[PDB]
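In what follows, a structure is listed as structure tokens, so that the remarks can point back to it.
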Amino acid sequence: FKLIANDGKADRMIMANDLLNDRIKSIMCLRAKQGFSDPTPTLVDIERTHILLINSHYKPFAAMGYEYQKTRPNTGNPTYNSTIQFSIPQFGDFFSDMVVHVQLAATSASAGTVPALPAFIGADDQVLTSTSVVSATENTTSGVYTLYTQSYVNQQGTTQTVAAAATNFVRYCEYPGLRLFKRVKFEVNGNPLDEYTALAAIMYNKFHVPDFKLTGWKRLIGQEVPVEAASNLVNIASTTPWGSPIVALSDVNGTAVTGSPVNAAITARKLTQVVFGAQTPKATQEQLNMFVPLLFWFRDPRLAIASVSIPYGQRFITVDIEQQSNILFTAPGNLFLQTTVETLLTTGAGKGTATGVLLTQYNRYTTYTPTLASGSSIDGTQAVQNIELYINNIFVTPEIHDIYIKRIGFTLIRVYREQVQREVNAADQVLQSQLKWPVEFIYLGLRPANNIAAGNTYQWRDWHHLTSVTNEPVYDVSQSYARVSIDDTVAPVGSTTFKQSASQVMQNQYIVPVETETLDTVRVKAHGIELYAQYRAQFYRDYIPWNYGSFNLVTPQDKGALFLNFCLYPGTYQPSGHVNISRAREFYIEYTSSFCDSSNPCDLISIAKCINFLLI
Amino acid sequence: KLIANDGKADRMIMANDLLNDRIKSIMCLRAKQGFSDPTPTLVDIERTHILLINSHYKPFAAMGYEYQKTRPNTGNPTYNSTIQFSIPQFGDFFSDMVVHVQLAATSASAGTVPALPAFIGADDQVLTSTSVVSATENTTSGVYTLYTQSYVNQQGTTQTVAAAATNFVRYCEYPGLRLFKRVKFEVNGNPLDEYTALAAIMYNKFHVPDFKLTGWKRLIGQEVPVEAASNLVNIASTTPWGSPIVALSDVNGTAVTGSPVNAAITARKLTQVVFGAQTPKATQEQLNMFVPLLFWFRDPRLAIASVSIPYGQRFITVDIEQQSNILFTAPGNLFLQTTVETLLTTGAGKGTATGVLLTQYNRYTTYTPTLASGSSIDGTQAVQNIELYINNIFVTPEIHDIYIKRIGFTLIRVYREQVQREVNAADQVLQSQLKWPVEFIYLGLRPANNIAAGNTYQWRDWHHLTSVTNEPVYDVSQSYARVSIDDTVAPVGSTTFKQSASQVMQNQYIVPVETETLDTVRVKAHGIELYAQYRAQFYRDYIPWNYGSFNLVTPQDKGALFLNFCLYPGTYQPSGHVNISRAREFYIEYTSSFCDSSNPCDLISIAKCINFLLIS
Amino acid sequence: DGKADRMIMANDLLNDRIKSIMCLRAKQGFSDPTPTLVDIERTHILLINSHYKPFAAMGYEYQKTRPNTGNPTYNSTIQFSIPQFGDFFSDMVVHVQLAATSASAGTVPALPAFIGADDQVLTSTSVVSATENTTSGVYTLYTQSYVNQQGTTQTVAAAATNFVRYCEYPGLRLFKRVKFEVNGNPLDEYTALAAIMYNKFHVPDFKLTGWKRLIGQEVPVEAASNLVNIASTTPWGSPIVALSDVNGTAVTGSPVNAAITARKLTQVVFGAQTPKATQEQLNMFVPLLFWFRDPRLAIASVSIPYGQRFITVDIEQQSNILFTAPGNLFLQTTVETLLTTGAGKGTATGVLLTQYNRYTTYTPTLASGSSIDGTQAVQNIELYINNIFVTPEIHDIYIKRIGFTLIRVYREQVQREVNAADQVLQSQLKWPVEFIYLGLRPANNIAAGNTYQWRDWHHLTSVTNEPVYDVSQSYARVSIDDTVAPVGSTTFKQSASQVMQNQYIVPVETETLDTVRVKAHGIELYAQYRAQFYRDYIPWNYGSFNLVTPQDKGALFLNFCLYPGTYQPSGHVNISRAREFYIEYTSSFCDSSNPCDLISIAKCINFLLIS
């Protein structure tokens, strides 16, 4: 390797080594004539034109240290569905990031009973006991007798009696720490200095938690994390699980048989993902521990709030707590409805009925459905065992503190501004009347009202989704076959003494959450002037979060989360664009919907982050 | 209790005795110089010390942006054509660009069920319109082996040969990346910069971190996984296993290895499903893509002055791939059922179809998705819309005229690609495309078969830089059944106690196994070693891990290599390059364990070079 | 305008600055009165700005080096020279090559003991026992045997060979000790404990796959299945699809046609951690995690000359890197139940069989006398060094004017613990502390007797194994008399089977730390907080893309700076307090029966002279 510092026009413009060497010759000549003993230039002299890519320089920081502090509420024993207020103690010169520790008690569902059995299916041979319900459909024309059986069993398959004991399981909604804080408010002198609701908390969940922070984020707000599990070897090189008669076959023409398995080429095991946390239904949800961060601007250390700048008399963190019925839900436990259909094909007298003779073919089909126990609901006495505000307090030297107060003047801050408009229109133009400061960007969504409805059995999951979610089942079915000869003196091949039997049993069932988007197009208009033309919602959900923000902006998973951007660097502190209001009086967000109508009302959610100023 | 001045260590990191001296001095000068306030200025402190609590920012020269979409000058768009957009006159600058492509919903044409496979066995051959049956006698063992093959749909209903059948349709992986064969930024008739799908897949591998991946996939039409949860598989203190095998102990009291016990946790499984453009469907929905144009001027800092590239001579030209490389036929609801049955008789005629005393029966059943004959893609599928979206930046007139008169020039990065087809196991390939300083080079040796029409996995392998083979993984359902056919003799130890067993394919996965095509790579330029002969994992794993930070993603593709020559690939500030003298005689040397005359490969080399752009 | 826009953009100030400068330039006689971009940038920032500054000429090239200590082996000290090449040397990575290796031939072990007390038979292929029950008429038969994957029964004492696997992250455990020697004295050094703290905290997802490939961790491969859902059809037979009861209501548990067309994805692994008959040659590029990996902090070769600079790697034993695992050998456990109703019911001679049931599991089993190859060679080991070159003019200025460089060093202490709560003095802290990795790893995680040591060795919690079963369920009915109506008859036989289709092992983590408290020279730096504060909140809040929230439930981060991972210092623990530094813990797991290691790895600030 030889370094080449000056090769033509390209190197002259990128490295400028001829100039750099000329600057050195000039600087050493001036220092020498001016009487310096050391004529070699200073590193600053070089840095006035050229950057040094190898450089160990740094600056000393004004002496600084920090320490967290727990604080209990002024409002006594904490409960669900209440307002909890913390004082911001006088401790550090500044206070910065905050996080609230919430402790929810271990809880179980009340005792219930096995519900009544389903109604009859077939019109014939109806029998109802305490343990099963049996009906049948005859068909003497085809000779097929269909028998319907439904019963209740546990996981091991033991039949459960109607009205016997049964207990539902309990689960927390997804992201319960985000839904638990109905409203979070930082107020000084009676008025809210900044505030946000659970809609902002879930907007943050979708746009500002990259994967290198996700596992801890999920743990802070009570969302279970998946755990990877490894299986036995499913492929072993040079062998196969298939029996020999079907392996490595060739047809009569020498060609390998389509559908004939061959030996595996690699040795591999399977990975599966399991969850067993707050969102998985359990007989007893263990004590839930969450550390909910407060998503205020001053979480940034550079933006730490000077303690003397706010009186201790009226400075508070005030949190409205969601109700338990929106956080904890019952779910089916160790109780399953077994639905079995059996077909018996007879060919003799009475065929198609229960008295038909000569059974040639038998088939069984069976599914299992998790079932709710009657009268088993959540424990309403579940205690909020502990809640405490953690405040990071920063300390500085007395000299710098006095200089900082007298010379800082003000600080640039960011605040939330929320508006929710109920809609039954497929298309509408919604004046944004809570938007009233320089807006950097707006989170936008059209959440169906059913996502938060107590009648939606999937509210625990759908509440934070911004789309209409339907549930598509995926079945794992075990197929079996069996043939048996009942006459040891007659050849089975081609005889009715060569019986047939088959079975399809449900092995497991998955639920695919299928999102149907609620926004087709979005338009942003201010005083009859387009800020954003009518573009497909996919432009705001996919392209804008992809192009802007760097690691501060995450492309959202939710198909309904949209980002109306007005700045060049959405995550950074340095201002880089806004829409002032200002002539923003008539600020309109116009949408088109293929989902929203009178039968499917939705909430147009628009949350903006605005710039304001705090004078210290 | 802050400390600030504990020893030499605190003296060099915080320098608090120095800072106090500077403050005490500054207060005395200002007092001596007649200032009303002697306390220093934050700038005065920051000339030596850095302030960790600082809300300072600089005002930005007023600017705002707005997107504008335009249609091509070349009329109705089609596959296999050139589409050209003019860049309209709108803002003072134009920046990031994205192209909306809309492909009509499409399905395959009607076909037929193909002919059944040939005979497997030599005996008892029967050909039906609905099944093909053969057999293999074995009088020595008494085993009659019966082979049956037929066609079924998903529900299992038999399909008649030459009856109706329709194939499904699928898109190739990353359709938005392959759709654009070439993308041109044209000025004065000269290509100012251009790239291919090869550069697009290099970007897909190296510059899409996980916090941008979901949105990136949606922009280019790649399906996104959807996580689905199952029923509870583990329930604390119970089991799915029947009691006779649960928690057994041997005669010595030790727990039986292989005897399952109750579960200790309660868990669900998570599986992932896809159902988008790449999943075969009877009808693929209207595919909407917003394909970003990966030019350098996507950076807002590097927006192009509208005056410096005049209107009327600036164009975006896009070459569109043929339809047959984007949309593909895949098997529909038609499956080949492969069944082997073995009959173990012991009486007269054992091993033939006339065997009498049947003792054991086995059935083995696999299913293979099958293409219908004469069912192909719709060649009239229209490109329903294509529009270029351009971000337009507006600035004040005062700063505009100052910047255009003073910036002089701007650095740009341009693609420079070369593809050399190889049948040599090792070769030294002169890189003739290189004319300018090179920051880094994307490298790969892609097998020609990955883009060959004869490859039925071309829809998937086209962007892979290795040789991919397909390894089946079988989910097998095993069943057993035993029945006594004589109620007067005990079953145990009697031939009246018949046996039956079945193995049915429940599902099958395809594992894409990558075989690396590059063993070692060496970089030699102007008779100078810039990279010695190093293993391919050095360029694939080590270099992307060490350099680039969040701007350089470690590639999943095992054949993606990154030859770096700068310290910070991904930043605008230059940080190293290969100079033009060496770039004009530049060699990339490889050794391969795969490439030979039976496996031709293309050595793809795409360098990112530095050039310049004058202003007006 | 107005007020808000005057403070964010100050455009009326900017225009007045422009008007002022253009006039003063005209007053002073400048030919071009239009302002300079610098003059604008003294107050306002230019969001569109293609300006850059030229860098002093500099290039880099890597170099490969073989060790001074002869042929490399396991369980040995390997030392490298740092050759003289560039003016500075920077990032380092070590290529390790481990030979392809297989287990020695062994045998099929002895069959298990009898389960039932009756009808006990032992052959070379199976062990059979039975439990009678004349009261219920159920005769239970137990059969255990060895098979391969295809189900072919294996004979006791016949040939059988174990597979081999590597521990997880073999590149991190192989380098038992990595140290940078300068003039005899270790300038900085770390262990595998520091390497796995980097694994948990400093590898974000955009670097994860290559990291795993660098240190020998297998990477999952996504695999797609056939279609499982097809719109407007179903896999279920007609008799159970879309049923309605007698009231017209759709039947609960009756499947309907699929609404979407979807296929499944699953992940498979088949690398160094997956057991194989032959583990092919393993190639790792293990990076050395020293501070001077940052190009800016590259070490001047003149200040640390050749001959007095070395990289020394202590290599772990093979028994901690390579392990045996079950091969193509499985124990089949089968239970059959025969309910008879006639004479001799509940015994082997009972007549009238109405119900048959079979339960069958398979457990992967080790072959006897099949162990790892102790002669497996370290086929190659080489040090890669990035060498940085500069012009002679700037090197001269830089060596005379830089003075010193701040460096960071690892300081580690391991404390064997049997107390449920303790106050542990951190006696290894010489220098200012930026942050501390904390962990309480059970001694059983690195125990030779722990069959899961290949996996648990780097975990900081107590790990237990929870099976998850895939079970195939079957049913069969047969009429054995063609003259009797089957419904309601004992001639209508019943049969059912549960067969294990697969089995997963879920690693269940039990945290070993409940609360942590930090006391230093009589000062509380951290009150007694829950472990989840240090594992979840602190890594989430701090560090940006340089601090990853750890997956390990036992990884704790004791932070004392504002920007961990960045070169510019942003907070530390003064040395006075560091000399009397205590970490007080509370544990639900550690006791006299469960020893644990309190692992504390501090990152400290140190200076380094130049020239």
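Convention: chains lettered A, B, ... in structure tokens order; per-chain residue numbering from 1; ligands numbered from 1 as shown.
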Problem set entry | Contacts of residue 97 of chain A at 8 Å (only C-alpha atoms; same-chain gap of 4+ positions) as a ChimeraX atom specification | /A:293-294,298-301,304,391-392
Exercise. Counting only C-alpha atoms, which residues from chain B have an atom at most 6 Å from any atom of chain A, and could you show them as a PyMOL selection string?
Worked result: chain B and resi 4+13-14+49-51+53-55+57+119-120+211-212+215+228-230+239-240+266-270+338+354-357+368+477+479+485+500+502
Take the residues just selected and output them with N, CA and C atoms as a compact mmCIF listing (two decimals), in the first residue's frame.
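Written file, result_28.txt:
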# COMPACT_ATOMS: atom_id res chain seq x y z
N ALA B 4 -16.79 16.82 41.29
CA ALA B 4 -16.22 17.71 40.27
C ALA B 4 -14.69 17.75 40.25
N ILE B 13 -11.40 15.09 32.62
CA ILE B 13 -12.71 14.80 32.05
C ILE B 13 -13.67 15.97 32.21
N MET B 14 -13.58 16.69 33.32
CA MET B 14 -14.46 17.82 33.58
C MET B 14 -13.75 19.16 33.69
N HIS B 49 -15.65 24.19 27.52
CA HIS B 49 -16.42 23.12 28.12
C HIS B 49 -17.73 22.89 27.37
N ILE B 50 -18.16 21.63 27.33
CA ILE B 50 -19.41 21.25 26.68
C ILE B 50 -20.51 21.20 27.73
N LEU B 51 -21.68 21.72 27.38
CA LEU B 51 -22.82 21.81 28.30
C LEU B 51 -23.79 20.68 27.99
N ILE B 53 -26.53 20.01 29.56
CA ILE B 53 -27.87 20.58 29.61
C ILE B 53 -27.84 21.84 28.75
N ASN B 54 -28.40 21.75 27.54
CA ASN B 54 -28.36 22.87 26.61
C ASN B 54 -29.52 22.73 25.64
N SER B 55 -30.44 23.69 25.68
CA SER B 55 -31.59 23.72 24.79
C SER B 55 -31.36 24.60 23.56
N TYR B 57 -30.49 25.95 19.82
CA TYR B 57 -30.69 25.55 18.44
C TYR B 57 -30.44 26.76 17.56
N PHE B 119 -47.58 -46.20 -14.53
CA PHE B 119 -47.65 -47.28 -13.56
C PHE B 119 -46.37 -47.38 -12.76
N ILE B 120 -46.50 -47.76 -11.49
CA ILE B 120 -45.35 -47.99 -10.63
C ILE B 120 -45.05 -49.48 -10.59
N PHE B 211 -36.13 -1.38 11.28
CA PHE B 211 -37.11 -0.33 11.56
C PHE B 211 -37.66 0.32 10.29
N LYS B 212 -37.16 -0.06 9.12
CA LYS B 212 -37.70 0.40 7.85
C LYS B 212 -38.20 -0.74 6.97
N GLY B 215 -42.32 -1.16 6.00
CA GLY B 215 -42.73 -0.18 5.02
C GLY B 215 -42.05 -0.37 3.68
N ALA B 228 -49.88 -15.16 14.00
CA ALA B 228 -51.14 -15.76 14.43
C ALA B 228 -50.89 -16.65 15.64
N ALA B 229 -51.77 -16.54 16.63
CA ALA B 229 -51.67 -17.32 17.85
C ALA B 229 -52.65 -18.49 17.82
N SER B 230 -52.27 -19.57 18.50
CA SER B 230 -53.04 -20.80 18.50
C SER B 230 -53.85 -20.92 19.79
N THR B 239 -52.52 -32.00 30.89
CA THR B 239 -51.81 -32.54 29.74
C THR B 239 -52.80 -32.89 28.64
N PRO B 240 -52.38 -32.85 27.37
CA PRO B 240 -53.21 -33.42 26.30
C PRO B 240 -53.08 -34.93 26.19
N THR B 266 -48.38 -22.32 31.14
CA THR B 266 -49.52 -22.26 30.23
C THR B 266 -49.13 -21.37 29.05
N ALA B 267 -49.14 -21.93 27.84
CA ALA B 267 -48.56 -21.25 26.70
C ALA B 267 -49.40 -21.43 25.44
N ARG B 268 -49.31 -20.45 24.55
CA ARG B 268 -49.79 -20.53 23.18
C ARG B 268 -48.60 -20.57 22.24
N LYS B 269 -48.83 -21.11 21.05
CA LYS B 269 -47.84 -21.04 19.98
C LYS B 269 -48.14 -19.85 19.08
N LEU B 270 -47.08 -19.26 18.55
CA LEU B 270 -47.18 -18.24 17.51
C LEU B 270 -46.65 -18.81 16.21
N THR B 338 -50.58 -39.47 -3.76
CA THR B 338 -49.73 -40.65 -3.91
C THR B 338 -49.96 -41.55 -2.71
N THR B 354 -54.87 -62.23 -4.27
CA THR B 354 -55.72 -63.32 -3.81
C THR B 354 -55.31 -63.83 -2.43
N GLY B 355 -54.45 -63.11 -1.73
CA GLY B 355 -54.12 -63.50 -0.36
C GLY B 355 -55.34 -63.49 0.53
N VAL B 356 -55.32 -64.34 1.55
CA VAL B 356 -56.53 -64.64 2.31
C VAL B 356 -56.50 -64.03 3.70
N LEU B 357 -55.62 -64.54 4.57
CA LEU B 357 -55.60 -64.14 5.98
C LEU B 357 -54.77 -62.86 6.12
N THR B 368 -49.04 -33.73 -3.66
CA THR B 368 -48.14 -32.86 -4.41
C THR B 368 -48.95 -31.88 -5.23
N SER B 477 -48.59 -37.22 9.83
CA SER B 477 -49.56 -37.71 10.80
C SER B 477 -49.50 -39.23 10.82
N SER B 479 -50.84 -42.80 12.53
CA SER B 479 -51.97 -43.37 13.24
C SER B 479 -51.81 -44.88 13.32
N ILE B 485 -61.49 -59.40 15.34
CA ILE B 485 -62.56 -59.83 14.45
C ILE B 485 -63.21 -61.12 14.92
N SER B 500 -53.49 -52.07 11.83
CA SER B 500 -53.61 -51.09 10.77
C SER B 500 -52.85 -49.83 11.17
N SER B 502 -51.37 -45.81 9.38
CA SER B 502 -51.36 -44.88 8.26
C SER B 502 -50.41 -43.73 8.55
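Residue neighbourhood of residue 496 of chain C, excluding near-sequence residues (fewer than 6 positions): residues 503 of chain A; 479, 480, 481 and 482 of chain B; 355, 356, 357, 358, 359, 473, 474, 475, 476 and 477 of chain C, at 10 Å, using only C-alpha atoms.
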Mind writing the picked residues with N, CA, C and O atoms as a PDB file, in the first residue's frame?
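Saved as out-v3.pdb:
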ATOM      1  N   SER A 503     -60.477 -40.832   9.784  1.00  0.00           N
ATOM      2  CA  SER A 503     -60.768 -39.843  10.810  1.00  0.00           C
ATOM      3  C   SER A 503     -60.018 -38.549  10.528  1.00  0.00           C
ATOM      4  O   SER A 503     -58.858 -38.570  10.107  1.00  0.00           O
TER       5      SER A 503
ATOM      6  N   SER B 479     -50.838 -42.802  12.531  1.00  0.00           N
ATOM      7  CA  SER B 479     -51.968 -43.374  13.243  1.00  0.00           C
ATOM      8  C   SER B 479     -51.807 -44.884  13.319  1.00  0.00           C
ATOM      9  O   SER B 479     -51.167 -45.501  12.463  1.00  0.00           O
ATOM     10  N   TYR B 480     -52.394 -45.468  14.358  1.00  0.00           N
ATOM     11  CA  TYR B 480     -52.458 -46.910  14.516  1.00  0.00           C
ATOM     12  C   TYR B 480     -53.872 -47.301  14.913  1.00  0.00           C
ATOM     13  O   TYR B 480     -54.600 -46.518  15.529  1.00  0.00           O
ATOM     14  N   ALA B 481     -54.258 -48.521  14.547  1.00  0.00           N
ATOM     15  CA  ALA B 481     -55.577 -49.034  14.875  1.00  0.00           C
ATOM     16  C   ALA B 481     -55.513 -50.551  14.955  1.00  0.00           C
ATOM     17  O   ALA B 481     -54.889 -51.199  14.110  1.00  0.00           O
ATOM     18  N   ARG B 482     -56.156 -51.106  15.979  1.00  0.00           N
ATOM     19  CA  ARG B 482     -56.213 -52.543  16.198  1.00  0.00           C
ATOM     20  C   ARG B 482     -57.646 -52.947  16.510  1.00  0.00           C
ATOM     21  O   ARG B 482     -58.336 -52.270  17.279  1.00  0.00           O
TER      22      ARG B 482
ATOM     23  N   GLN C 355     -62.734 -51.714  23.061  1.00  0.00           N
ATOM     24  CA  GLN C 355     -61.987 -50.470  22.921  1.00  0.00           C
ATOM     25  C   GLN C 355     -60.492 -50.737  23.006  1.00  0.00           C
ATOM     26  O   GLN C 355     -60.021 -51.376  23.953  1.00  0.00           O
ATOM     27  N   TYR C 356     -59.753 -50.237  22.019  1.00  0.00           N
ATOM     28  CA  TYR C 356     -58.300 -50.298  21.984  1.00  0.00           C
ATOM     29  C   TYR C 356     -57.747 -48.881  21.933  1.00  0.00           C
ATOM     30  O   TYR C 356     -58.285 -48.022  21.227  1.00  0.00           O
ATOM     31  N   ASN C 357     -56.682 -48.633  22.691  1.00  0.00           N
ATOM     32  CA  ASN C 357     -56.020 -47.337  22.688  1.00  0.00           C
ATOM     33  C   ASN C 357     -54.514 -47.539  22.686  1.00  0.00           C
ATOM     34  O   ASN C 357     -53.999 -48.433  23.362  1.00  0.00           O
ATOM     35  N   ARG C 358     -53.814 -46.702  21.923  1.00  0.00           N
ATOM     36  CA  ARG C 358     -52.359 -46.720  21.872  1.00  0.00           C
ATOM     37  C   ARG C 358     -51.836 -45.310  22.088  1.00  0.00           C
ATOM     38  O   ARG C 358     -52.337 -44.356  21.483  1.00  0.00           O
ATOM     39  N   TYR C 359     -50.838 -45.180  22.956  1.00  0.00           N
ATOM     40  CA  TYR C 359     -50.155 -43.917  23.207  1.00  0.00           C
ATOM     41  C   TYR C 359     -48.670 -44.143  22.975  1.00  0.00           C
ATOM     42  O   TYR C 359     -48.078 -45.042  23.582  1.00  0.00           O
ATOM     43  N   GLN C 473     -53.910 -37.353  16.656  1.00  0.00           N
ATOM     44  CA  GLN C 473     -55.045 -38.069  17.220  1.00  0.00           C
ATOM     45  C   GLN C 473     -55.768 -38.839  16.121  1.00  0.00           C
ATOM     46  O   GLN C 473     -55.982 -38.318  15.023  1.00  0.00           O
ATOM     47  N   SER C 474     -56.145 -40.079  16.427  1.00  0.00           N
ATOM     48  CA  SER C 474     -56.761 -40.970  15.457  1.00  0.00           C
ATOM     49  C   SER C 474     -57.949 -41.683  16.085  1.00  0.00           C
ATOM     50  O   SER C 474     -57.996 -41.896  17.298  1.00  0.00           O
ATOM     51  N   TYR C 475     -58.912 -42.049  15.239  1.00  0.00           N
ATOM     52  CA  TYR C 475     -60.056 -42.850  15.648  1.00  0.00           C
ATOM     53  C   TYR C 475     -60.432 -43.790  14.513  1.00  0.00           C
ATOM     54  O   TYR C 475     -60.315 -43.444  13.335  1.00  0.00           O
ATOM     55  N   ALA C 476     -60.891 -44.986  14.878  1.00  0.00           N
ATOM     56  CA  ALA C 476     -61.290 -45.977  13.892  1.00  0.00           C
ATOM     57  C   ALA C 476     -62.401 -46.845  14.462  1.00  0.00           C
ATOM     58  O   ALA C 476     -62.331 -47.280  15.616  1.00  0.00           O
ATOM     59  N   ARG C 477     -63.423 -47.088  13.645  1.00  0.00           N
ATOM     60  CA  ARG C 477     -64.549 -47.941  13.999  1.00  0.00           C
ATOM     61  C   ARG C 477     -64.716 -49.005  12.923  1.00  0.00           C
ATOM     62  O   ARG C 477     -64.586 -48.716  11.730  1.00  0.00           O
TER      63      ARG C 477
END
Problem set entry | Backbone DSSP call of alpha helix (DSSP H) for segment 148-329 of chain A, listed as an MDAnalysis selection string | chainID A and resid 176:180 198:207 211:220
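Shortest atom-to-atom contact with residue 418 of chain A among A:105, A:199, A:233, A:466: A:199, counting only C-alpha atoms.
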Problem set entry | Counting only C-alpha atoms, chain B residues within 6 Å of chain C, as a PyMOL selection string | chain B and resi 58-62+154-155+209+250-251+258+272-275+301-302+410+477+479-481+485+487+489-490+492+508-511+541+545+553-554+573
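Rounded to one decimal, atom CA of residue 194 of chain B and atom CA of residue 404 of chain B lie 25.6 Å from each other.
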Problem set entry | Within 12 Å of segment 122-128 of chain B using only C-alpha atoms, minus same-chain residues under 2 positions, as a count of residues only | 37
Exercise. Residue 522 of chain A: which residues within 12 Å, counting only C-alpha atoms, same-chain residues fewer than 5 positions away excluded, as an MDAnalysis selection string?
Worked result: chainID A and resid 427:430 444:446 530:541 560 562:564 588:593 604
For this session: Pick out the residues sitting within 7 Å of residue 425 of chain C, and hand them over as a VMD selection string; count only C-alpha atoms, and ignore anything fewer than 6 positions along from it in its own chain.
Result: chain C and resid 581 to 583
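Considering only C-alpha atoms, the residue among C:128, C:4, C:420, C:103 positioned nearest to chain A is C:4.
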For this session: List the neighbours of residue 549 of chain C out to 6 Å using only C-alpha atoms; skip same-chain residues closer than 4 positions along the sequence, and give me the result as a ChimeraX atom specification.
Result: /A:213,216 /C:539-540
For this session: Enter the distance from atom CA of residue 563 of chain C to atom CA of residue 436 of chain C, in Å, rounded to one decimal.
Result: 13.7 Å
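When atom CA of residue 321 of chain C is paired with atom CA of residue 188 of chain C, their separation reads 25.1 Å.
Minimum atom-to-atom distances from A:470, A:355, A:606, A:307 to chain C were compared using only C-alpha atoms, and the lowest value belongs to A:355.
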